[PDB]
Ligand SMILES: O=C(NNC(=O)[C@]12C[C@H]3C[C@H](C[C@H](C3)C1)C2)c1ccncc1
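Shown next as structure tokens: one chain only, the form deposited without this ligand.
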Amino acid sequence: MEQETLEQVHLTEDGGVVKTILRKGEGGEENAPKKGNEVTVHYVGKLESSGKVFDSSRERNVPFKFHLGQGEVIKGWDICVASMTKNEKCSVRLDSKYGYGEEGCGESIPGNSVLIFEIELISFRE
């Protein structure tokens, strides 16, 4: 496990979601998340056009907890989280579709703009 190479993994053929193997975690269903349960993970948002970081869990030093299998998060997080393992830190690129659709958030994310977000599974419970 002393390799220094990354791999690109497209979540959807549409090209709206693409994760990149940054830091391999455990690997296996035993380290997979569970729907309908309080799960705790860490992730940070960053723009590719501006290259700035925003909404970083670490930037404030506070883990975010949520329940999987719910319609509170976009396909980007749902798919990524449902396609990641424990201790698995990777970066997913959300296009201008699965993200905030056509109406981004304020004047920080204008429509028709790709965004990058790094997700990492910390631990889940009930």
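Residue numbers here begin at 1 and follow the sequence given.
Here the subject shifts to the form deposited with this ligand bound, a form of this protein not shown in this document.
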{"property": "All of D55, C105 and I109 with a heavy atom within 4.5 Å of this ligand in the deposited bound form", "result": "yes"}
{"property": "Heavy atom within 4.5 Å of this ligand in the deposited bound form - the one residue of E72, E48, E26, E38 that qualifies", "result": "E72"}
{"property": "Those residues of 75-102 which, in the deposited bound form, come within 4.5 Å of this ligand by heavy atom", "result": "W77, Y100"}
